Every structure is written in C-alpha cells, then in structure tokens.
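Note that the chains take the letters A, B, C, D, E, F, G, H, I, J, K and L in the order they are written out, and that residue 1 is the start of every chain.
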Amino acid sequence: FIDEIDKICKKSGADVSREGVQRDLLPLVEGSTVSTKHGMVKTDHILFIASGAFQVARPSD
Amino acid sequence: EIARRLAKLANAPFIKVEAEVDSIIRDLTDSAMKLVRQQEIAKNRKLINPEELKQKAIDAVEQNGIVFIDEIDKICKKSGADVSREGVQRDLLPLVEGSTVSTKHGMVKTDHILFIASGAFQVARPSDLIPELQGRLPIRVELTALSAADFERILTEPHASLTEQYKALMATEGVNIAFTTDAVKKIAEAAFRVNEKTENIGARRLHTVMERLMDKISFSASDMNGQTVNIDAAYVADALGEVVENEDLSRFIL
Amino acid sequence: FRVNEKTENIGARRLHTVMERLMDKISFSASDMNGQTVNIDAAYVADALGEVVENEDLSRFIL
Amino acid sequence: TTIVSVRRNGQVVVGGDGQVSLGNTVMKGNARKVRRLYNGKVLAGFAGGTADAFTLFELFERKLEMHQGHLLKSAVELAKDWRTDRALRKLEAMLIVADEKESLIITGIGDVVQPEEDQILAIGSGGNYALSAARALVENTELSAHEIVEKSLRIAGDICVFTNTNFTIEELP
Amino acid sequence: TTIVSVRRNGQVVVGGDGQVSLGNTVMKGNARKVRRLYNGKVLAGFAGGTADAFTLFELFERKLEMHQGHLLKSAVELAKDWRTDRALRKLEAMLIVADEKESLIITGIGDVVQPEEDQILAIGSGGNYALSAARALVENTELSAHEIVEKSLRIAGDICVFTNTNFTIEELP
Amino acid sequence: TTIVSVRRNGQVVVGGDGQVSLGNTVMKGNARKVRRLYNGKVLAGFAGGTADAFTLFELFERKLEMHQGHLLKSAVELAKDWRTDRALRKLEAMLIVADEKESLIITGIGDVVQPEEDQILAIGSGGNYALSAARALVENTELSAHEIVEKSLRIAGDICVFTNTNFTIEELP
Amino acid sequence: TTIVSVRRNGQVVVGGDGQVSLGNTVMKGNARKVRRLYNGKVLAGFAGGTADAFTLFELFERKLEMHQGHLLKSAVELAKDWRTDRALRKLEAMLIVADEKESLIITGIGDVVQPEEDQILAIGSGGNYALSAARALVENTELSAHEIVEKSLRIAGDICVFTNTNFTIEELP
Amino acid sequence: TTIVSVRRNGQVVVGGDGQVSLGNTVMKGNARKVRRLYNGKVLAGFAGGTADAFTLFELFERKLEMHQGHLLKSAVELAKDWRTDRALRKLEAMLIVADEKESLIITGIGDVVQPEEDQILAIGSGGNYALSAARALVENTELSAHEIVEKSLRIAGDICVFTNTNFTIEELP
Amino acid sequence: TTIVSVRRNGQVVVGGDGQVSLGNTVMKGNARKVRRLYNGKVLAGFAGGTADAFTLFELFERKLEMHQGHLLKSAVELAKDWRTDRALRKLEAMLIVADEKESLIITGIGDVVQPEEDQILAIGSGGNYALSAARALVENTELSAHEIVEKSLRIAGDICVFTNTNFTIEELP
Amino acid sequence: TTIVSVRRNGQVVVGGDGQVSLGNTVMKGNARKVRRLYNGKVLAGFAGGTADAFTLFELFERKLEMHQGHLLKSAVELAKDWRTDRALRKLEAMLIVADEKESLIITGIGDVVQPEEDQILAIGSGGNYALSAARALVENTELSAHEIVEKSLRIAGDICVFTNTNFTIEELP
Amino acid sequence: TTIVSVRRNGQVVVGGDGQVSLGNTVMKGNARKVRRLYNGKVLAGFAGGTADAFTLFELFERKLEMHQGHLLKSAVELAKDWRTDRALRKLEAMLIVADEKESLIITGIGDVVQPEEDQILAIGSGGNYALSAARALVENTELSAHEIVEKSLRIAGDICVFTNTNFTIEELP
Amino acid sequence: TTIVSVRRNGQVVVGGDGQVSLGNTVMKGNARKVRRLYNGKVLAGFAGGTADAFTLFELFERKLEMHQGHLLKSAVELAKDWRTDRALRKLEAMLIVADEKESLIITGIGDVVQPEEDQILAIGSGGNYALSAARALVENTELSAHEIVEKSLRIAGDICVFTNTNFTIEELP
C-alpha cells in the first residue's frame, strides 16, 4: 500500500527526484527479484494499492 | 518483452535496470542460482559442494549473461546543472567494456556478457552518447509503433494473450466467455483510439482496456455460474462508454 | 574513416560497427546456405551498407 | 518580418518574408521564416529576434516530439513553463504554428492564442498589414488559402520597410 | 480590459469584455475574461497581461482546490506568498473572485481587497468607468446584479479605447 | 477638477466641484468652477489651469458680448481665432458652455464640440467618471436633469483625488 | 482616426470613421471626419488633431475658394505657403482631398502627394490597415469603389483601437 | 495615507485615514490603517504600498510574538535583518508602533526612529501636515492625545489629495 | 532616401531612389528625387524631409534663376543667405547639384561642399553605401558614369530599408 | 572595426582593420582582428568589445577542437548554448568564421548566419561599407577574393571614423 | 549631515550635526551622528543613509571586536570585504573612525582613506564646508581640536540646508 | 588620475599623479597611484574608482605570486577570469604593469593590451594628454624614460582638472 502518492508527481524543476522515486518504484510493480534475509523473493504476482487525494496533480501526471 | 523472451527461451541470467553501478552484475548472479540449482538439482539427482558450484554458476554468467538497460536516453547530454547524467553513462562503461566484479560467489568477468539498451530517443539521439558507448553498442535496431491492426493480433495469437488470460481466469468460475472477431477490432481499435488522445503507453493500454471491459463480469461470475455469454460489437460498446479530449483549451487559453 | 570524418571519430571501434552492418546479410542466413564460398569484394561491400548521412544541421537552426 | 496564415477549404498555409533586418540595414534578404516540424506534420512561422526566434522555435519542437505531435496541447504545455514561480526568462518573438487540425500563435512571454471565426493569423512588424489584406480577401473572394497568404504577404512587403517580397510559403498537405 | 462585479439580491455577477489589445492594435476581440473555478463554485475575472493574468489565475486555483473552496482564505493564503523573505516575482494583473458568500480582488503584487458597503468591484483599464456606472445604477435603481454588470460594461466599452462590447458574464447560481 | 452638464426636459444644467488642487496639496476647497455669462443667459463651466481657465472663459464672454449672445456662433468665432494662419496663446483649459438652446464644449487649442445624442458633456480629470455616471442615470431613469448632475459629480469626486464634493450648480430655467 | 479613399470607374469616394479619441478615452463616437467643399464638388477627409485637422482643412478651402476650385493647384498653392523663410506652424494633421478629376493628400508640414497607380489614399492611425485592405480589394475584385471604402474602413476600425465603425462616406458622382 | 501619533497624559494614540489611493483614483475610502498587535498590547499604523505595508506589518508581528512584546527591542531586531550581508529586499512603507511605554517608527529600509521631546509621530504622504498640526496643538493647548490625533488628521486630510476624513483611531488603554 | 552622383568623361549623372518612407511605413515608392532646373542644364537631387527637401531645392532654383545659372555662385549665394545672423528656416535636407562644369552638395544648415578628387557625391540615408560602391567601381573599372550610378543605387537600396530600387536618373550630355 | 570576407575561385579570405577605438580616441592602431584557428584550418574575424570579442572567439575555439574542426556544426553547437533555460550572459560582438568549405557569422546573442549567393561577409561598425564595396567588386569585376577583401577594407576605413588602413588579411590555403 | 574631525595636541575630536533629513523635510533634528565603539577606545562618525549608515557602522564594530581594537587594520579588513569575487552589496554612506593613535574614513564602497599632513577629516553633505573651516582654523590659530571641530560644524550648518546647529561631539580621552 | 609609462634605454618608468577626486572636489591630493609588486620586480599603476582600482590591483598581485612573477602571462591568466561562463563582475579601472622585460595595460573588463613600437602607456582621465606629450618627447628628443614620464605628467596635470602636479614615479632598476 502506497499512501499519498500524488506527492511524487511532476508539478517541480528544482527537485526532479519526485519522478525518481516514482521510477525506482517501477521495478517492483513491474517484476523483479528482491534479496531478503530469507532468500530471493519474486514480485511479479504481488498486489499494489496506491492511495492519493490527487487534488493538485492528476492520474495522467 | 523481446529481451525477456530471450532469457527463458535461451536459458541465461537476465536483469533489467532503470538508469551503485556494479549491482547490475551482483544481481545478475543472484538470478543465476535458479538455472543451476533448479536445473542441476532435478537433472543431477546432497550434491551440495558449494565450493564445487562456485565455478559452475559463474561459468554460466561469465558467458551466458543478458543485461537490459531500459530508458537509457534519460542519461544523455541535454544538462549543465547535472552533468551526472553523463557520469552514470560513464561508470557503466567498465561493464560494457570488460572488468571483474566481486560478487558474493567469487570474481565474475564481463567481457563476454550481452547488453541490450532500450530507448525512445525522442529527445536526444544515438550520437548524444559518450563516444565510448557508441562504439561498444554497434547494433542499432529500430522498432516500430503498434498500429490498430497490431492490437487486434497481440490480443489473441500470442501465447498467454489477454483474450486467453481472461478466458481461463473466468472458466475457473464455471463461466464461459466468447470473444468474437468482429469485437476484437472494437477492442484493439478502442485501445489505439485512446493512445492517440493521451499517453501512448502501447500494449499496456490493452490491459487497462480489458480491465474496464471485464469490470461487469469479473464481479458477478459467482451468482451467474455455468453460462456462455457472447462478447461482440454491441456488448463491448455498452461496456465502457466514450473517451474524448479533456477540455484542455477552454481552461488556460484565450 | 569516411565515417569518422563526418561524425564522432571513435577510432578502431568504428570498424566493429562497420563490419556488423556488412555481415548483417550473411550472419542471418548462413544456416539455410551451408557449404558455400562467397567472395566479398568491391561490388559486394558497396551494395552491402549504403551511404553516410551528413547530419541535417542547417535545415533547422540556421538562417 | 511578416508572418501570415490563412485556413480555407481544408487547406492550411503559413507564409513569411525573408528579410533579416538589423537596425535599418539588411543583413540578408532570403532567410526562411517558416519551417516544418515533426517530419512534416506541423507548420511553424517565427517572428522576432533572430536568436529568441529560434530559442522559442526549437523550444516548441521539444514539446512536440515529447507529445506525439499534439499541437493544441504541446503549445499549452510550453506556455505553462512561463506561468510558474521560476520563469523562463522571456523571449522577444512570437510563433505561429498550425497542422491539419489547428493553428495557433505562441508568444515568448508565455501565452497561447486562438484565431477568430476566420482563423487568419499574422505576426511580426508587418502583421496587421498582411492581416487586413487576408481578411479583406478571405471575406470577399473565393481564393485558395495559399493564393491569399501569398497575395497578403506582398501587400505587407510593400508597406513595411522591414519586409520583402522574397518569401517562403508552406501548406498542408 | 474592463472587469466589473455587482452583488445585489443574493445574486453575484462578474462581467468583463473580450478585447485582447496589443499595443494599440487588436489581436482578438472575443476572449473570455471571466472563467469559472471549482466546478462552478467561484467566479473569477482577470485583467492584466495575457500571461501574468493566467499565471495569477491558475495560481489562485491551486489555493482553492487545496482549501475546499474557502475563498476568503485561499485568497489570503495566496497573498502571504508575496509577503515573505523570498517573494514570488510580481504579476502585472489583478483578479476579481467571488462566490455565493464573498467577493474579492487580488493583485499580483500580493494583497487582498474587500469591497465597500455597496459590494461593487471593478478592475482593469476601463475600471472606474464601469465602476462609476455600477454605483450610479446600484444606488439609484432596482436593477438585477446581472443587468447592472451588463449595462455597466457597455458604458465602459464606449469610453475605454481598450475595451469592447463583446463581453462574457457569469453569475451565481 | 470635474465638470459635467446634462440636459433633458427643456432643462440644462452645468455643475462642477470646487477643489483647487496644487500639485498634490489643496490650495482651496470652495471654488466656483461654473458661472453665468451674458446677463445670466448662458452657463459656463471651466476646467484646466486656474488662470488659463479664466483666460479662456473670459475670451468666450467677449465673443458672447460681441454677438448678441449666440452661443453657437460665439463659440465658433472663438475657436476660429486659433485656426488661423496666425494663432493665439494656446490655453490649457476647456469650457462647457450651454444656454437655453445649445450645449457645447470648447477647448484652449481651439475647437468646439457638440454632445452626442444624449446631450451630456463632462470635462476635467474626473470627467469620464461623472460622465459614465450621468450616461447611466440618463439611460436608466426618469431622473431630474439637475439631480443627475448632482449624483454624478459625487460619484466622480469620490473616485478622483482631484475633485471634492463641495459643488456649485447652475441650471437654466 | 482612419480615412481612406478609392476611385475606380469615374467614381471617387472618401470615407472615415467617427471616433474622437482623447488619450485613451473617447470624447465622441459620431464625428464626421469627411466633408464636402467648394459647392459640393470636392471631397475632404482630415485626420490628426481635432483642431489642427480643421485649421488645415479650413485653409485648403480658402485656397479652393481663391482658385476656381482647381483641386491640384489649390493644394500646391497651400503647400507652397510652407516652403519659404516664413512658416505656417506644424499642423498636426493630414488631408485627403479629391474631386471628379483628381485625388490628393496634404500634410500639415506642407507637401502634396499623388496616389501611386492604383489611386488609393489613406491617412490616420488605422491608415495602412484600411489601405492594405483597399489595395487587396482593388487588385483582386470587380468591387464597387464605394464598397471597397466601406469594407476597408471596417477591417481597419477592427484592428485600430483608435477607430470605430460609425462611418461617414462621401462619393463623387 | 496620513498616520500620526501623539502621547500626552499617560495616553498613547495612533490614528490614520482610510483612503486606498491607486494612481490618482480611489479604490476604497474606509480601510483600517491602524491595527492592534499582541492581543492589544501594541498599536501599529502602516503607510506605504498596500502590499509592502503588510509585508512589513506582519513582519514586525513575528518579532513581537517572538519577544514577549518587547517593543523597543523587537523593532531593533527587525531592523538588524536589513543590516547584514544578505538583505531583505526593501519595503516601500513605514510603520508607527507604540505601546503603554514607548512609541516608534520603522522603515522598510531597515532603521528605527525615536520621537523627540514632544512625542509626536507621523508618516505617509500627509505626514508633516498632521505633524505640524499636532505640534501646533500639543505645544499650545491642553488637549487629549486622542482629540489632538483626531484633529490633526483632519487638518491633513483637507490638504493631502491622498488623504480622507474617514479615519480609524486606537489608543491605550 | 539615397542619392548619388558620379562624373567621368565629360559626363555628369545624378540619381536617386524613389521610396518615400514615413516612419517605418511607405507612403509611396515611385517618387522622383532628382530633377532638372534652369532650362534643363543643371542636375539636382534632394534628400531629406519631403517638404524641406523641396523648399531647399526650390530656393536653389530661385538663385540659379537670379545668376545666369552659374551653378557654383548660385550655390554659394544660397549658403550665404544662411551664413549670417538673420536666421533661416534651417531646412533639414541636402542637395546634390551639378551642371556641365561642376558638381556640388548643399545642406540646409547652409554650406557648400566640393567632392574629393574622384568627383563622386552621395547624400541620404543609404548614401555612404551608394558611395562605397561608386568609389569602388570608379577606382577599379572603366565603367560608364551613368552605369556606376545605376549599380551603386541598387547596392545601396539593397542595404537600406529606406531606399528602394525604383530609380530616377538624369545625366548631363 | 571592419571585418569583411569574400569567397571566389576556391579562395576564402577574411580581412579586418586594426584600430582599437576607445570612446572617440585610439588606444592602438595595429591590432590583429583576424586570427587562425585549429592549426590553420579555419579563419576567424571578430568585431565588438575587446573583451566580449575574445570571450566569444575563444568560446568558438573550444567548440572546434571538441568537434574535429567541423565548422558549420561547431558554430551551431555554440549557438545552442544561448538557446536554453539557462543562458550564457550575452556577448557584445560578432564572429566571422570560414574554412576551405564554409563561411559563417556568429553573434554573441546566439545565432548563426549564412551568406547569400555571393558569399560575402562583413561585420563591425564599418560593415555595410566594406560590404557595399565587396558586392560592388565581386559582381562587376574578375578580382581575386584577396584583392577584393583588401580593396573593400580600404573603402571602409576612409568612411568609418572607427576604422583604419592598417589591416591584417588571412586566406586559405 | 556634516561630520568633521580635527586632531591637534594629542587631542582627537569628532563632531557631527543631528539633522535627519528626509527629502527636503526634517524627520528629527537631534540624532547622534557620532558614537563610541569598543567601550570607548574609538570614535565613529557616520554620514549617509540612515540605514546604510548603521549597516556600515555596526559592520565596522565587528571588525574591531574581532581584532583587539586595531583600528588601522580592522578598517582594511573591512575594505577587503568589498574587494573580492563576491562583493558585499554597496553602502550609501561613509564612516570617520579615530582613536588615540589614528583617524580614518571608510566608504561603503570599500576603501580606506588617510588624512593629509593636517589630519583633518570631514564627510557628508556639508563636508568641505566644515573642512574649509577647520583647515582655515587649524592653520591660522592655536585652537583646541575640540573648539575647532565645534566652530567648524557651525560654519557648515549655516550653509548646508541639510545640516543643523544641534550637534554631538566626542573626543579622546 | 593620469598614469603614463615610457620605456627607453633599458629603463622602464611608471608615473601617476596623486589627486583623489570625488565628484568635483578633492578628498586628498598626495595618494600613491603607482605601487611596487613582487618585492620590487614589477611596477603597477592604477586608474579608476578608488575601490575597483585596488580590487583589480590586489587581484593581479595574486596572479603574480601564483606565477613566479611571469608578467605577460599572469596578466592573461587574469583576463581569462572575465572570459568565461561565470564572469567576475566588472571593474571600473585599468592597470598599467611593467617589469624589466615587458609593460602592459589591463582593464577590469578583462583584456590585455600591448604598447606599439614606442612602448608608451597611459591610462586614466588625463591619459591621452600625457600620452601626446610622451610621444612628442620620445620621438623628438633624447630624454630619459624617467624625465619624460615626469615631464609628461606635468603637461597633463595642467590640462586635466582631475589631475595634479604632486605625483609619484617608480622606475626599474
């Protein structure tokens, strides 16, 4: 569950890092292999739910 | 997809990255302990001897290794307040060139690995990359955009196609679903009609399209068991609705 | 060389990229054409690649 | 400089002279003031300071390639760049962009303007001249959007001391 | 530009012409100078530089969506942005905002102003003209806040060389 | 200063404030900017430079005196005096003159002007205001001529820093 | 102001708007900027300072009166009254005079000017506009002389903030 | 604007008009130019640019709440903000602050000023006027610090074209 | 305007463009800036204000007429008229006069000037240009006098925004 | 300064004077205004402010060494540096660069310009002079690109008070 | 302001008036223009803008406490702050500092100046006046450095409309 | 200020007056305008704004100590600091530096200049005066580089109202 996601949408030129997080968080919703202290855990089949007020930006942002 | 269906259909450690630097290798190795300890545990069948397989897994990677760098353009010059975009493209040179990464299994060479970098290159262009990489990436492959008729095909012909996926995911409920041909057009042309009026996410658009389509069925498949409903033109239509341009103009334009 | 004087002069590495375009016709259909001896000469190298692109440049930002 | 554009009969044309005026002299009288963008999907005519002309022309090309050639939007997205907390300088020039569907005008100050019923457009020093000519034509004659834009440029070159008869016109398709 | 707003009989109206004047010429004479904000909860009329007009119009929209449409406050919150140690440039324009409860005027310099007993507002070049008309009306006649704001705009267009008769009026509800 | 004159129903009235501003200070607040000429049969309001005002006003009388008080002609004959190969000083002031039959406005540069169809004239810094006001009251009310003057002067004085509310009004029975 | 005159087919016509702008306000909208002289046989349009306009226009008459109404001569005679040791003041205005046989343009600085081959003349702020228009309608249509004027005045009044659509046109049968 | 403050008989008053002047017109004539700070411990009168007035008024409120209402100091602490290596812009306005013990004047340039023996303070356009009046009174009459500050304001409003009679006065306690 | 004159081989020629620029617009493009005086035996090209040009040009004729057309003297006698206390209009234009034997250049401030050794004169905005050209073609070619003029005028008209290519040339057999 | 360049017969030359003018005085009259870049592959002539001259000359050297001497490109790459979101100041000067293949002109404002059919270039105060001379020559004579550029410089030095006869000319090869 | 300092007989004095002039009015006529620094080791007199006066006075106090009261040095260390790559704004004012050993003058531009043989210093508007007086005295009379500085201030106050007789003088020890 | 330097007979001298002029007054008339750098290896004469004079003098000292006293280079290294993407403000002054081998002049704008054949240098207001004198001397007399630089300074002080006879001259060795 990713609460308040809007907070990482473009508009934001002095901190393009808000689009960086939204980027480094792509491999997880896409499908990768995280190395936990229990072994390698796949993600492809996990389930993500992102919440957002989206009063400022919007989906397409 | 063309780089992923080149790891399972050729057996070799795969890894996609979105521009630490060596972690691209350290992780290429952590995804090899599945075609050596899942192919030599069911083939050569205890047999433990890590000290024995710390050069059976690497002999694999050192040779059979595929690295995928998605969206690379994002690291090309133009960019004066952040020359670091040319830094990454630089620290990533030793890997495409040939070095020795120290993984938690031993020293793994790279010289013989295989790199595939994807890029939209709408902004910058090939030549906008450091000379080094331009010469260590001699193969330039030009893909094309997916057309209307291209979604009509990608919707069935391919194994694990959407039609198939929702067909089987809805059969395990005791229901049957018919996807007529005259209705695959109005599902592939209705996914294109959306990319020309907003972000053209490509195929992924289809996913979002079906989800809206099977939004009526996927919910009430239980209280309606053992039925065969036809999904055709008139059904696809009265399924979603109508998509038109926001209003863009009328807001901030005089 | 004719390519390094009209774009980045990556040096030798240019050769690699050159051959790859040359053996682009042969490296693919070497299976369905086994046991043959084909000569790679002037007329073959030519009708193998094409011709250089001297970057638009003017066409746009110039008046 | 005199850039005018008329749209009539599914035809869209954008013409402009070619007099690079410097002070009260002439540095060159053949320049191309109307270029083609997006492999030939949109027409663009600039008018202003040689430099700031391009700095805004090439700045609208980005917003085009980065938006699948969605004119009416790409424009707005460009404008918004001036309507922030951190502005983009200011550009001494204006752009007239039009494709098979729309036609607009964008200022380096950051704003987009849509034509009126007659959708005729003109910018630069000899603007209104060519404009008055266009309107004159478009309203009282059955002339090709090209012929008009051509004819209108002339009228203007013959009045503006900063405009010549050597012009370049591009139409679609 | 001439933006005037009258409030009488639980009615709130905000009208403005539509003459985009550039220098001493006319780039367009039909623009909408009064738009609707918050799905139709607040009325907004801008007057100033095409660009800086919007840069301040769209800048007040933010403060509205980010505050459940609390006009009287959102305004102030906007103003405060100019009253700091790190200012927000300066905007060559003024805004007239009003909803079912209040009506205000905000300058791009950073300040909010409330009407006087009569609750009549006007900004732009032809301001005071429309204003004097309004007051004239509101005080000596039983006229609809709409009819006044309409009538008042006319008076002003007939005096300001930078104002036309082609205007757009929005009222609530 | 502010001087306005309305006429309706065989009534002509000329009224103005009384604030004599000097720079941004006020030398006096009870001046009479409108007086009667030619044996109380013509109204004359002057606005401009305290002196030039008088000097203009004073010349118009001569003229009235020289022509059986024919408002119209007198004015022209006066105006004429500037429009010659010769020339007169070039007085920085305007007058609003009006008698039982006519209503005119004369300038120091030398030209006469008739009102538009509504027969309302206004001069001074707060003119257009008084005007805007008057126009509105004349078009939207069966108000007394004298009263309109009264109401408009105020509205104006309230908007102009150089106009007060101490008025002086003369009507022509 | 805007005044233009076209002649084609033994017809000559002079037309102008009627907006008397004062600074950026409008003192009047129904002025007659073109009148008939020398016993209804000459057309005269004036543009510039309300006064100087007249003072110029009135001098050209005296001259017409003095020379059996020989348009051409009169004009030169008047002009030649500027080219000497003595002066005649710089009159802030221009005239467009024309009778059955000729069409001329006189300036306050003292010079006459003949139209170019198309026999079209325009003066005033919105001149070149009305001109551009006229030139267009004359070159690309078998339109009536009077009509072209009517048309062009409009086109111009729509681009010039200092020109209105209330016209006054006089033709010479 | 005209802000004056007199202190006599353990009484401290601070009055100011209420004419928001914009250019030479009047946007509002009832504003409050003297507010209360620190729940009613200090009196504050501002004079300057509507915006920069508050930006410095609210900027002195901070330094007050952040210093237990220690006037004479909080002022200085504010000033120091302008006397550094990294300044705080500059503010077009001045503040007159006074509590039961002290009374001061702070400029947006960064400086604090203490009255002279009498203890009369005045700022704004109509300053010295009200000042001269105060001093006049305070020195030759046994009048309440309130009655003086009231009377003094009037004198000033009747001289400054940028000051009105509608003022707001606050005293302590 | 651009007027130049070369002489070589018992041939004298004076030529000039024909563009009458008015500010940055063009009132006419076919004017004759060079004429023949004193029974076709003297060449005169005038450059400056359409008016003053003529008044200067006209004076020089009244002089040639008074002195058996002795180019040289006449010119001096003219300059002489200015060269005292008795002030002269001090015309803002220059002349290039030349007959069979001489070639001169007279200014409105009152002075005569002989060419340098080459016998080339140029006046007007694009003068030096036409000059540089002429000088070049005289020093580096056995070209015709008339021809050099022709060529230089062009070269100049092509660099000057205030000079056209419609020429007017008079030579002296 | 006067920098001119002519290209004719596979020959490319670039000359310029050597008068370092400061105000209206002369600091040095022998400086080299045309230097050689890239071991002798490209010719460069600067004109402008001693400082900003070099700051742009040395700034184009970088773009050359960093691009294997690809003139036509290196130029553009330099220009682009001014067409961004973060500009490079602005440079009071212009550069004329040419090699065995091309010849250009670059302004410190950020723009590149190509010659016209004749391939003649000139910059600096005495520009157009030398230009008019070149064109004059190139078009009417069979002269060496060197002899012209030499001859043209002279013409210019004899007209520009800011140009001398002591110049330095470089050609290729 | 008028600050003068004379040193004679192991005595060092520094006087200055006390007229805080604002425009052409007087905000206060008793201020202290000469203060004591370092518990009483150095004398300091400022002259300039109320604000920038202190911003440079308090800025020299730092360099004193941070350097054991080493005048002649602390000054220089302050100056150096303006002679870098990153300057310290600029201060509209000058300081005159002196202790038992030295006496100097520091400008907010960043420079230190030492007196001449006589060791007399003066800054501010009425400078040279007091200076001429001092020199006059010091050179022709056996007067106390205090009596001179006192006497000299008077002379200056009686000539500078921006200087008064109410001054404050500090000497050492 | 007047700084001149002559080099003749293995002798290098650099003199300058000593008048610190402020406005039209004299703050001090004995200052040293020529100092010694690098323990006595190079001579330096500054001319400009007291502050910016040193800020550039001390700025060239750095580049000297940081380069083993390699004059001709250290200069250039200093210049380069102004020819970048991030400039060094700008300095209102110029420096004349010379050692046993070379002699130069550096401006705070960023540029280095070498003398001409005669090796005479002068900067400051009275420059060219001293210069013309030097040149006069050096070329027509066998005078010591010192005696000249001395004599030349005098000539200049007697003409420049901003230069005195009290100067300081340094030579090598």
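The working rule: contacts are C-beta pairs under 8 Å (C-beta built on N, C-alpha and C of every residue); 3 or more make two chains touch, one makes a residue touch a chain.
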Discussion item. Assuming a repeat means more than half of the contact pairs shared by residue number, which candidate in F-H, J-L or F-G repeats E-G?
Written reply: F-H
Worksheet item: In terms of Cα-based centroids, which chain occupies the most central position?
Response: D
Fill in: Length of the line joining the C-alpha centres of chain B and chain F, rounded to whole Å
83
Worksheet, complete the sentence: Whole-Å distance, C-alpha centre of chain B to that of chain C, is 30
Item to complete: Please compute the C-alpha centroid of chain I, do the same for chain L, then give the distance between them in whole Å.
Response: 50
Worksheet item: What whole-Å value do you get for the distance between chain H and chain J if each is reduced to the mean of its CA atoms?
Response: 63
Worksheet item: Can you list the chain A residues in contact with two or more other chains?
Response: none
Discussion item. Under the definition above, what is the set of chain B residues touching chain E in their complex?
Written reply: 251-252, 254
Discussion item. Going by the contact rule set out above, which residues of chain L touch chain K in the complex?
Written reply: 20, 25, 27-30, 49-51, 54-55, 58-59, 88-89
Worksheet item: Which part of chain C faces chain J closely enough to touch in the complex?
Response: 5, 9, 55, 57-58, 61-63
Practice prompt. Would you mind writing out the residues of chain L in touch with chain J in their complex?
Written response: 79, 82-85, 87, 107, 109-111, 113-116, 128
Worksheet item: Which chain I residues qualify as touching chain D in the complex?
Response: 21, 24-26, 29, 125, 158-162
